[PDB]
Enquirer: 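First, the structure itself, so that you have it in front of you.
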Amino acid sequence: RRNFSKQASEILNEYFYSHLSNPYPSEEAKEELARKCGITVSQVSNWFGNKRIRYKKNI
Amino acid sequence: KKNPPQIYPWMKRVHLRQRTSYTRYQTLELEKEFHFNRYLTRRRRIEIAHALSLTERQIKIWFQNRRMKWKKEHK
DNA sequence: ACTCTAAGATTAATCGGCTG
DNA sequence: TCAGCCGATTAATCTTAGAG
């Protein structure tokens with residue numbers, strides 16, 4: 001397993017920061033992002049879990 | 001993440017820490033017990049919590065999580 | 001090249017809705 | 001009922017690809 005592409009990350013951060021008010025995408029948006037980034041929905045789901053926590057522990 | 005324009009609820013601290021990793025033996029059995037019977041009876045519940053030195057809640061949670069993991073591997 | 005950081009994954013344990 | 005099931009998530013951790 002290798003890390004995500006510089007672009008996939010950009011795509012995810014865009015979504016994340018674009019929704020700082022509730023970074024909890026629906027299974028649809030997740031499926032959406034998943035295909036956009038060319039990664040599984042699990043991978044997106046993990047990415048958001050890790051993103052939220054690591055955002056918080058650094059406020 | 002140094003500066004959030006505001007502190008939204010989700011950024012708050014939920015959960016009114018520790019993650020007791022489980023020994024290889026414990027996990028090997030719970031797993032062993034899982035291939036045998038996907039759900040648990042109050043009976044099996046106690047005898048196991050007993051054998052592997054764990055609370056009942058832990059055996060209950062262990063199987064709940066194992067079921068979701070089973071669901072997602074589809075297999 | 002070589003080394004720690006942190007990205008990505010895994011999993012206890014929690015929150016809450018819902019039912020058998 | 002009301003304890004256990006599902007589902008999604010939290011948070012601690014494990015792994016180890018790579019930023020530095």
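In the text below, chain A, chain B and the rest are named by the order of the sequence lines, each starting its count at 1. For the numbers below, each heavy atom of this structure counts, side chains included, while hydrogens, waters and symmetry mates do not.
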Enquirer: Please list, pair by pair, any protein nitrogen or oxygen found under 3.5 Å from a nitrogen or oxygen in nucleotides 12-15 of chain D.
Expert:
residue	atom	partner	partner atom	Å
D/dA12	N3	B/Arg19	NH1	2.9
D/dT13	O4'	B/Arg19	NH1	3.0
D/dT13	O4	A/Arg54	NH2	3.3

Enquirer: Quick check against the 3.5 Å criterion: does B/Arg45 have a side-chain atom that pairs as donor or acceptor with the backbone of B/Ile59?
Expert: no
Enquirer: Using atom CD1 of B/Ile61 as one end and atom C1' of D/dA8 as the other, report the distance to the nearest whole Å.
Expert: 15 Å
Enquirer: Side chain of A/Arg2 only, heavy atoms from C-beta on: which candidate in C/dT14, D/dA17, C/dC15 is closest?
Expert: D/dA17
Enquirer: Using a 3.5 Å distance criterion without hydrogens, assess whether the side chain of A/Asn13 forms a donor-acceptor pair with backbone atoms of A/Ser9.
Expert: yes
Enquirer: With a 4.5 Å limit on heavy-atom distance, are the side chains of B/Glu33 and B/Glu47 in contact?
Expert: yes
Enquirer: Can you find a side chain N or O atom of B/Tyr22 that sits less than 4.0 Å from OP1 or OP2 on C/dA13?
Expert: yes
Enquirer: Look at the side chain of B/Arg45 and decide which nucleotide, out of C/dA9, D/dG7, D/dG4, has an atom nearest to it.
Expert: D/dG4
Enquirer: When you measure from the side chain of A/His19 to the backbone N and O of A/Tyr15, does any donor-acceptor pair fall under 3.5 Å?
Expert: yes
Enquirer: Do B/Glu29 side-chain atoms and B/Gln26 backbone N/O form a donor-acceptor pair below 3.5 Å?
Expert: no
Enquirer: For DNA chain C, determine which residues of residues 46-58 of chain B have any heavy atom closer than 4.0 angstrom to one of its atoms, and list them numerically.
Expert: B/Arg57, B/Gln58
Enquirer: Could you state the atom-to-atom distance from CZ of A/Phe4 to P of D/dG18 in whole Å?
Expert: 11 Å
Enquirer: Can you tell me the distance, in whole Å, between the CG atom of A/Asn46 and the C1' atom of C/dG8?
Expert: 7 Å
Enquirer: Taking for each residue the nucleotide of DNA chain D bearing the nearest heavy atom, is the 5' side occupied by A/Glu27 or by B/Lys60?
Expert: B/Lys60
Enquirer: Please figure out whether B/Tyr39 or A/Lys30 has its closest DNA chain D nucleotide nearer the 5' end.
Expert: B/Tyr39
Enquirer: Give me, pair by pair, the N or O atoms of the protein and of nucleotides 16-20 of chain C that are less than 3.5 Å apart, along with how far apart they are.
Expert:
none

Enquirer: Give the rounded distance in Å between these two atoms: CG of A/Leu33 and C1' of C/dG8.
Expert: 17 Å
Enquirer: In whole Å, what is the span from the OH atom of A/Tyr55 to the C1' atom of D/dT9?
Expert: 19 Å
Enquirer: Looking only at side-chain N and O atoms, does A/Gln7 offer a donor or acceptor that is under 3.5 Å from a partner on A/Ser5?
Expert: no
Enquirer: Is there a side-chain polar atom (N or O) of B/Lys71 under 4.0 Å from OP1 or OP2 of D/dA8?
Expert: yes
Enquirer: Taking atom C1' of C/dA7 as reference, at what distance in whole Å does atom NZ of A/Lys6 sit?
Expert: 16 Å
Enquirer: Considering residues at least two apart in sequence or located in another chain, which fulfil the side chain to side chain contact (heavy atoms under 4.5 Å, CB included) criterion with A/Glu31?
Expert: none
Enquirer: So, is A/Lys56 near the phosphate of D/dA11, with a side-chain N or O under 4.0 Å from OP1 or OP2?
Expert: yes
Enquirer: In whole Å, I'd like the distance from the NZ atom of B/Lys69 to the P atom of D/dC6.
Expert: 16 Å
Enquirer: Once you measure the plane-to-plane angle for A/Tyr24 and B/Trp10, does it fall in the parallel (<30°), tilted (30-60°) or perpendicular (>60°) bin?
Expert: perpendicular
Enquirer: For the rings on B/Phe34 and B/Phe63, is their centre-to-centre separation under 6.0 Å?
Expert: yes
Enquirer: I need the full list of salt bridge (charged side-chain N to carboxylate O under 4.0 Å, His left out) pairs touching residues 3-27 of chain A, with sequence neighbours left out, sorted by first then second residue.
Expert: none
Enquirer: Taking CZ from B/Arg66 and P from C/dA13, how many angstroms apart are they, rounded to a whole number?
Expert: 17 Å
Enquirer: Between A/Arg52 and D/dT9, is there a contact of a side-chain N or O with OP1 or OP2 at under 4.0 Å?
Expert: no
Enquirer: Please enumerate all residues that pass side chain to side chain donor-acceptor pair (under 3.5 Å) together with B/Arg42, with sequence neighbours excluded.
Expert: B/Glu56
Enquirer: Identify the two heavy atoms, one from A/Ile11 and one from A/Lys36, that lie closest to each other, and give their separation to 0.1 Å.
Expert: CD1-O, 4.1 Å
Enquirer: Would one find a side-chain N or O of B/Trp62 under 4.0 angstrom from OP1 or OP2 of C/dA12?
Expert: yes
